[PDB]
Structure formats: C-alpha cells, structure tokens
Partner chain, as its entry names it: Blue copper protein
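To begin, one chain is listed below as structure tokens, in the form deposited without the partner chain.
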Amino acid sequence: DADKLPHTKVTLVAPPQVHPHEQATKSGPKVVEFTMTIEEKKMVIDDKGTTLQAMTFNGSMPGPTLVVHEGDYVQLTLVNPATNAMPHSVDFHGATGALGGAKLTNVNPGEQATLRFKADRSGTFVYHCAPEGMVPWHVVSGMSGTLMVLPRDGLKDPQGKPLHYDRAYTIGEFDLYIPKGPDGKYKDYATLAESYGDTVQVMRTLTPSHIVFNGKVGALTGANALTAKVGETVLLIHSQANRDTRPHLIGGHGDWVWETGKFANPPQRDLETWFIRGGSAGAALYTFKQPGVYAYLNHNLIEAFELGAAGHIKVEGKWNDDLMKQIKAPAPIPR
C-alpha cells in the first residue's frame, strides 16, 4: 500500500542540469511529487532565425529530468494552461499500465490532472506526450524528457562494485521537421495548428531538417557549454523519444555505459560511441583525465555538424603528457 508513505516535493530545474538528488540513499520508499506545465510556443531553433512551432514541458526541450529511486512512487501534476491550443497527456516509459499514464492524463487547455505510478524498475526512461494512434507531431515538436529511476543502492558495475558521479547532465536530442516554401526558405507560422499539414508531410520523408540538442543548434556551446574538471565524474543522460542516435565524446570515452539505459543490466566499458534507440534514454559515465574543450555529439557527423546534434564540454585542469603528448608540432616536411 502507498497512500500512507511519506510524500515529498521536488523543485525541478531546466536542462542541461539535473535536480539535486542522492545516488545511493539511506532513505526508504517515498512518494515524490512533481509539477509540470505544458507550454506551446514558437522557438528560434537555428542561427539564421528559423522557427519551430514547438510544444514543451516547462517551456524547454527537453522537459526537465525527474529523479527518484527504485521502489519510490512518482506523482505528477500535469498542467495545461488555457493559453494553449491543444490537448496533452503523458506516457511515462518507466510506468506500468494504461499507456504509461496517457489514458489517465488527457488534459485540455485550462485543465490539470494528477497521476501516480510505482517506479518499480531502474534506469533512464523517456516520458513523452501521447497520440491516440495518431501521427506523432506532439513528440517531434518537443514533448519529451527523461525520468531517472536510480537503484536505491547507487550505480553498480558488472562485478557489483559501486560507481558514483560527481554531477549529472541531461541531453535531449530532437529531430525536427521544419517545412520549406517554394522559394526554398523555411516556413514561419503564426499559430501552432497552421504548421500541422506542412509538417506531417515533411515527417513522412523521414528526414529531419535539423536535429538539435536541448532545443537549439549550438544550445550547449559557448556561454552555455557544459563544464567539468579533470578528476570529475559526469553522468551523461541522453534521451531521444523518436529516432536513433549515436552519442560520442571527442577525445573521451564511455567508461561505463548503459546504452539501453536500464541500470539492472551490467554496463559496458571503454565505448567510443554508444547507441540510443529511438524512444529510449541511455546513460554514460566518464571521468575526465584531460583538460580542454571536448565536443559531445551524435556521431553521424552530418547529423552532428550539418544538422545540429552537437555540444561542447569545457574542462578545467592539468594537461597530462603521458596519456597524450605532441612529439612534434606541425612543421615543414624535411627538405
């Protein structure tokens, strides 16, 4: 029984940050209470001013990451302001039953509902808006994020030994299908429903116009780059609700990677590139051993550097000449 466990409330933070949380916890099963508000909005998605008629949780792509522990219960209040055009609902991949919650959360504009489900399974899980068997749209327009259900005992390697991250980051990869006019420039829509027919048509082509990390081309670069330092251990949570992707850290690795994102299975080690299946979320742990500016990307490099699926990590610390050294700098070829 669940109506009698201690109810707690979590303040959510917008990506790429994850709300503060305990890994291995002394604590016992709780009900964790969260609130998310759907926000439909036109967002600028690239540097030449192209816009998406987007649909977000809490006004960001991805929605924020929800952290709990195995055996906890998740209790969500989903809010659909009257200023929105469309109905919404939520399918938690971590939940069990009634289409992951979607049947119990159909909120029209100006409505709200509260769902609870047991987080009986550990790993990173996608949550995303739902279609009644209908051409996605809501999903690809931005309605997804991650639920992370940590093992009560912390993260464990294949031999059972414990693993701890100093900090977790969350990346949502969105394949966008922005329509083009006869002039060959991208279309700009006044309202959401205006964008529908043209978008559906682009979707059939299975060819994203852009693929972005966290809402925008270059969203995780420059002033907004991720940060860590040598010796630090990061957990990179990668969600892709609709399409396969292949994450990679440049001059880095995946020390321990759950590419299927299910913590009960033994992680894999030493990975150069791993694979997030469309409609799943995986996680990777890396301990930085060198300073400098790393890139973190989808290693279809067209998708990365031509379509937008890439970001940076700025790393403080001491250069290690053992791991890598420049024996001879670029110089003219011997006469």
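Numbering follows the first chain given and starts at 1.
Unshown form solved in complex with the partner chain; subsequent notes refer to it.
Novice: What is the one choice in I178, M86, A225, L163 with a heavy atom within 4.5 Å of the partner chain in the deposited complex?
Specialist: Only one option qualifies, and that one is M86.
Novice: Does any part of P109 reach within 4.5 Å of the partner chain in the deposited complex? Heavy atoms only, please.
Specialist: Contact check for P109: yes, within 4.5 Å of the partner chain in the deposited complex.
Novice: Flag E194 as yes or no: does it have a non-hydrogen atom within 4.5 angstroms of any non-hydrogen atom of the partner chain in the deposited complex?
Specialist: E194: contacts the partner chain in the deposited complex.
Novice: From first to last in sequence, which residues of 124-160 have any non-hydrogen atom within 4.5 angstroms of the partner chain in the deposited complex?
Specialist: Stretch hits, in order: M134, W137.
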